[PDB]
Amino acid sequence: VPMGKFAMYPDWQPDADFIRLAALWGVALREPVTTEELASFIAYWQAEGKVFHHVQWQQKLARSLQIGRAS
Amino acid sequence: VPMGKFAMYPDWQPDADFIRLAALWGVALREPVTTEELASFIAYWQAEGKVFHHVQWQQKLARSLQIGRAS
Amino acid sequence: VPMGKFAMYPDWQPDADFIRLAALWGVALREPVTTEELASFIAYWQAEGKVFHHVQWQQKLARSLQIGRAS
Amino acid sequence: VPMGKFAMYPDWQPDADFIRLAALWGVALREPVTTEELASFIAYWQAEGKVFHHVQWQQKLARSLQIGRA
Amino acid sequence: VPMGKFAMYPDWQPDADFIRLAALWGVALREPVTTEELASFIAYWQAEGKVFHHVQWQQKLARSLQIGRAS
DNA sequence: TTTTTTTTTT
C-alpha cells in the first residue's frame, strides 16, 4: 500500500490480521470479509476520492461492515 | 453519466452490466430492473436533492432493490 | 497533566479527571470510555500525525464519543 | 475590557452585546453563548498559548460557535 | 485613501476593482466582498494597531478572504 | 488572520 494518505483503489486490501484490529476498535466480526463486501467498499470510496492513511481506511471498512451486517 | 457528484434526474439509467455489478457487490438479482422500480427510485431521490457519483447511485439502487424485493 | 504539544501515541490516556472536564465542556457521558473507543481514537490520530496539547486531545475525544454514542 | 495582546485565561468573557457584534461580522446566532461552550473555548485557547486582542478573541469565538452549532 | 502608511479605521474600503486585483494576486473570488467580512477585517486590524499602505491593506484583505472562505 | 474525524429510503 502507499505511504501517507491516498485515495481508495481497486486492488487495495486490508491487513491479514484485519479482524484483530477491528476487534481492538470495538467491532467484533464473526465471519471474514467477503470479496463482495470489499469490492463494494472500494467502489464507493474510490468514486468519492477522499484520501486517508491505510489504517484509517481500515477503520472505515470496519465501521462499514458493522452497519452492513446489522441488516 | 455526468462526471462528478450529481442530483438524480428523470432520464438517469444504471449501466447495461448493472446486474453483474450488483452481484460483485453481493446483491444477487434474479430479475432485471423494471421501468417502475427505476421511476420510483428516481422520483424519491430527485426530490431529495442529495448528490452522488454514478457508481454510488448504482449501489443505492442495488441495495434498494434488494430490500424492495425481499418484502 | 502532560505539557506541550505532542503527537498521539499508543499508551495515551485521558486522565481520571476526563469525564469531569467533558461535562464542563457540554458533553455529558453516562458510562466511562471503553478500551476500544480509546484504541480507535488513538489509531486514527496517530496515523494523522497532528500535534496538540493534552486538553485539546481530550476535547477531540469528547466530541468523538458524543457523535459515536448518538448511534 | 482586557487590554493589549494576551493569552486566554479562565475568567475571560466576551462583551454583553457580543451577539449583535457576531451578526455584524456575519455570524447569526439564534441562542446566546452557554457556560460550557465558553469553558470549552477558553480551555482550548488557554492551552494553545497564542495571544490576541479582546475583539480578535471575540471574533474567534464567533467563528467557532458557527462551526460548533452545525 | 490616506497616503502613506496608516492604521485601519471604520470607514475604510478597498478599491472598486478589488476583485480584479485579488485575481492578479492569485485569489479568485467566486463571490465578491460582503459588508460583514469587511467589518470583521476592519475590527481585527484596527485592534491590532499596525500601519500599512492602502495596497498592502488590500492584499491582507484578499489573503484573509481566501483563508476565511476555504472552509 | 487562522480550532473543529465521520456510507445507508425502511
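Counting begins at 1 with the first residue displayed.
From the backbone N, Cα and C atoms, a Cβ is placed for every residue, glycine too.
Database features (Swiss-Prot):
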BINDING   E:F41, E:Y44, E:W45, E:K50, E:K60, E:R63  ssDNA binding site
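A map of Swiss-Prot features onto the structure.
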residue	record	Cβ contacts under 8 Å, 6 or more apart
E:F41	ssDNA binding site	E:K60, E:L61, E:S64
E:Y44	ssDNA binding site	none
E:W45	ssDNA binding site	E:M8, E:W57, E:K60
E:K50	ssDNA binding site	E:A7
E:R63	ssDNA binding site	E:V27
- Query: For ssDNA, what surrounds E:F41, E:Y44, E:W45, E:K50, E:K60, E:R63 with a Cβ no more than 8 Å from their Cβ centroid?
  - Reply: E:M8, E:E48, E:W57, E:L61, E:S64
- Item | For E:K50 (ssDNA binding site): DSSP state (helix, strand, coil) | coil
- Task: Among the binding-site residues E:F41, E:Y44, E:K50, E:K60, say which ones reach under 8 Å of chain D by Cβ distance, listed as they appear in sequence.
- Result: E:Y44
- Would you give the longest CA-CA distance, in whole angstrom, between residues of E:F41, E:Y44, E:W45, E:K50, E:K60, E:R63, the set recorded as binding ssDNA? 17
- Note on the structure: So E:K60 (ssDNA binding site), by the Cβ count within 10 Å over all chains shown, scores 15
